[PDB]
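Structure record follows, encoded as structure tokens.
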Amino acid sequence: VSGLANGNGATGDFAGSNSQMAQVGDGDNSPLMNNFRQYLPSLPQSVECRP
Amino acid sequence: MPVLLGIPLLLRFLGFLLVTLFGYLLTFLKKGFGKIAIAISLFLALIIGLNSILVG
């Protein structure tokens with residue numbers, strides 16, 4: 001239960017949730033919340049000012 | 001106070017099992033107070049961790 005939170009891993013009966021907890025993620029990168037990023041509205045960029 | 005030939009050894013044995021079993025309960029108590037040490041540590045480490053991302 002400590003290894004499914006530290007990110008060290010779990011061996012036993014808690015060995016199925018080691019692939020469910022890889023989808024959650026670690027830090028800022030989350031495989032689950034990066035599925036939403038192929039569908040982001042395309043906003044224009046920033047260029048210098050022309051009259 | 002006269003007694004039979006085996007009674008004094010039944011009375012010494014019924015207090016060996018008790019001290020052994022009361023010895024195991026102690027071992028397990030101490031283990032469970034170690035879980036609440038791991039738990040607290042974890043929580044405070046996840047807080048200190050988020051801080052370092054956000055301020056960056």
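By convention here, the chains of the structure tokens are called A, B, ... in the order presented, each chain's residues are numbered starting at 1, and ligands are numbered starting at 1 in the order presented.
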For this session: Using only C-alpha atoms, select each residue of chain A with any atom at most 9 Å away from an atom of chain B, and give the selection as a list in words.
Result: residues 2, 5, 6, 27 and 28 of chain A
Write the residues of the preceding selection, restricted to C-alpha atoms, as a PDB file, in the first residue's frame.
ATOM      1  CA  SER A   2       3.078   2.207   0.506  1.00  0.00           C
ATOM      2  CA  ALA A   5       1.947   5.710  -3.486  1.00  0.00           C
ATOM      3  CA  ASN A   6       5.759   6.035  -3.351  1.00  0.00           C
ATOM      4  CA  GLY A  27       4.197  14.501 -11.092  1.00  0.00           C
ATOM      5  CA  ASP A  28       2.610  16.588 -13.866  1.00  0.00           C
TER       6      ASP A  28
END
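The interatomic distance for the pair atom CA of residue 21 of chain A and atom CA of residue 7 of chain A works out to 8.6 Å.
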Seminar exercise, completed: Shortest contact to residue 31 of chain A, candidates A:19, A:4, A:44, A:49, atoms counted only C-alpha atoms, goes to A:19
Problem set entry | Those in chain B with helix (DSSP H, G or I) from DSSP, as a VMD selection string | chain B and resid 7 to 13 17 to 54
For the residues in the current selection, export N, CA and C atoms as a compact mmCIF listing (two decimals), in the first residue's frame.
# COMPACT_ATOMS: atom_id res chain seq x y z
N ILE B 7 0.84 -31.59 40.28
CA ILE B 7 0.05 -30.37 40.31
C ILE B 7 0.96 -29.14 40.25
N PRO B 8 2.06 -29.04 41.05
CA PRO B 8 2.98 -27.90 40.96
C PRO B 8 3.59 -27.57 39.59
N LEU B 9 3.57 -28.54 38.65
CA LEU B 9 4.14 -28.34 37.33
C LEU B 9 3.05 -27.94 36.32
N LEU B 10 1.78 -28.23 36.65
CA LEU B 10 0.66 -27.75 35.86
C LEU B 10 0.47 -26.25 36.12
N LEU B 11 0.83 -25.81 37.33
CA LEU B 11 0.60 -24.44 37.76
C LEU B 11 1.71 -23.51 37.26
N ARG B 12 2.90 -24.07 37.03
CA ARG B 12 4.03 -23.31 36.50
C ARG B 12 3.90 -23.16 34.98
N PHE B 13 3.28 -24.15 34.33
CA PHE B 13 3.12 -24.20 32.88
C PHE B 13 1.99 -23.29 32.41
N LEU B 17 2.63 -20.15 29.20
CA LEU B 17 1.83 -19.92 28.01
C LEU B 17 1.29 -18.49 28.02
N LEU B 18 0.87 -18.02 29.21
CA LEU B 18 0.30 -16.70 29.37
C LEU B 18 1.33 -15.61 29.08
N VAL B 19 2.57 -15.79 29.57
CA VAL B 19 3.62 -14.81 29.35
C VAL B 19 4.09 -14.85 27.90
N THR B 20 4.06 -16.04 27.26
CA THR B 20 4.46 -16.15 25.86
C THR B 20 3.43 -15.46 24.96
N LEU B 21 2.14 -15.67 25.25
CA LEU B 21 1.06 -15.14 24.43
C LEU B 21 0.91 -13.64 24.62
N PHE B 22 1.12 -13.16 25.86
CA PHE B 22 1.09 -11.75 26.19
C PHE B 22 2.34 -11.06 25.64
N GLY B 23 3.33 -11.87 25.26
CA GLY B 23 4.56 -11.41 24.63
C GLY B 23 4.37 -11.12 23.15
N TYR B 24 3.46 -11.87 22.51
CA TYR B 24 3.18 -11.72 21.09
C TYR B 24 2.33 -10.48 20.84
N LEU B 25 1.38 -10.22 21.75
CA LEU B 25 0.48 -9.08 21.65
C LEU B 25 1.27 -7.78 21.68
N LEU B 26 2.37 -7.75 22.45
CA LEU B 26 3.26 -6.61 22.53
C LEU B 26 3.93 -6.37 21.18
N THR B 27 4.50 -7.43 20.60
CA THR B 27 5.20 -7.37 19.32
C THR B 27 4.31 -6.77 18.24
N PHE B 28 3.03 -7.15 18.24
CA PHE B 28 2.10 -6.73 17.20
C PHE B 28 1.63 -5.30 17.43
N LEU B 29 1.52 -4.89 18.70
CA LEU B 29 1.16 -3.52 19.04
C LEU B 29 2.19 -2.57 18.43
N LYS B 30 3.48 -2.84 18.68
CA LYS B 30 4.58 -2.00 18.26
C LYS B 30 4.62 -1.86 16.74
N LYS B 31 4.19 -2.91 16.02
CA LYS B 31 4.19 -2.92 14.57
C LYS B 31 3.17 -1.92 14.03
N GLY B 32 1.98 -1.90 14.65
CA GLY B 32 0.87 -1.05 14.26
C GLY B 32 1.11 0.43 14.56
N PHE B 33 2.02 0.73 15.49
CA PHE B 33 2.41 2.10 15.76
C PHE B 33 3.46 2.57 14.76
N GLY B 34 3.99 1.62 13.98
CA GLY B 34 4.97 1.88 12.94
C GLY B 34 4.31 2.21 11.60
N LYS B 35 3.06 1.77 11.45
CA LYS B 35 2.22 2.05 10.30
C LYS B 35 1.79 3.51 10.32
N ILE B 36 1.47 4.03 11.52
CA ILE B 36 1.04 5.41 11.69
C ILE B 36 2.24 6.35 11.56
N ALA B 37 3.46 5.80 11.62
CA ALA B 37 4.66 6.59 11.37
C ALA B 37 4.90 6.71 9.87
N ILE B 38 4.70 5.60 9.13
CA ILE B 38 4.86 5.56 7.69
C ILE B 38 3.82 6.47 7.03
N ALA B 39 2.57 6.36 7.50
CA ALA B 39 1.43 7.10 6.97
C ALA B 39 1.64 8.62 7.07
N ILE B 40 2.01 9.11 8.27
CA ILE B 40 2.22 10.53 8.50
C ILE B 40 3.32 11.03 7.57
N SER B 41 4.46 10.32 7.57
CA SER B 41 5.59 10.63 6.71
C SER B 41 5.12 10.84 5.27
N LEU B 42 4.38 9.86 4.73
CA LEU B 42 3.93 9.88 3.34
C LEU B 42 3.18 11.18 3.02
N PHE B 43 2.20 11.52 3.87
CA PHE B 43 1.30 12.64 3.68
C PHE B 43 2.09 13.94 3.56
N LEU B 44 2.95 14.19 4.55
CA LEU B 44 3.76 15.39 4.62
C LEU B 44 4.77 15.42 3.48
N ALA B 45 5.09 14.25 2.90
CA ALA B 45 6.06 14.24 1.82
C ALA B 45 5.39 14.61 0.49
N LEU B 46 4.09 14.31 0.38
CA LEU B 46 3.34 14.62 -0.83
C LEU B 46 3.02 16.11 -0.89
N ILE B 47 2.88 16.75 0.28
CA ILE B 47 2.63 18.18 0.38
C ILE B 47 3.89 18.94 -0.02
N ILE B 48 5.03 18.59 0.59
CA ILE B 48 6.30 19.25 0.33
C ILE B 48 6.67 19.09 -1.15
N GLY B 49 6.18 18.00 -1.76
CA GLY B 49 6.45 17.67 -3.16
C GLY B 49 5.69 18.56 -4.14
N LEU B 50 4.40 18.77 -3.88
CA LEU B 50 3.54 19.60 -4.72
C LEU B 50 4.06 21.04 -4.72
N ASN B 51 4.51 21.51 -3.55
CA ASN B 51 5.03 22.86 -3.41
C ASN B 51 6.11 23.12 -4.45
N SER B 52 7.01 22.15 -4.64
CA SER B 52 8.20 22.31 -5.46
C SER B 52 7.85 22.40 -6.94
N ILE B 53 6.73 21.76 -7.33
CA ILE B 53 6.26 21.82 -8.71
C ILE B 53 5.64 23.19 -8.97
N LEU B 54 4.71 23.59 -8.09
CA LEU B 54 3.89 24.78 -8.31
C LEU B 54 4.75 26.05 -8.33
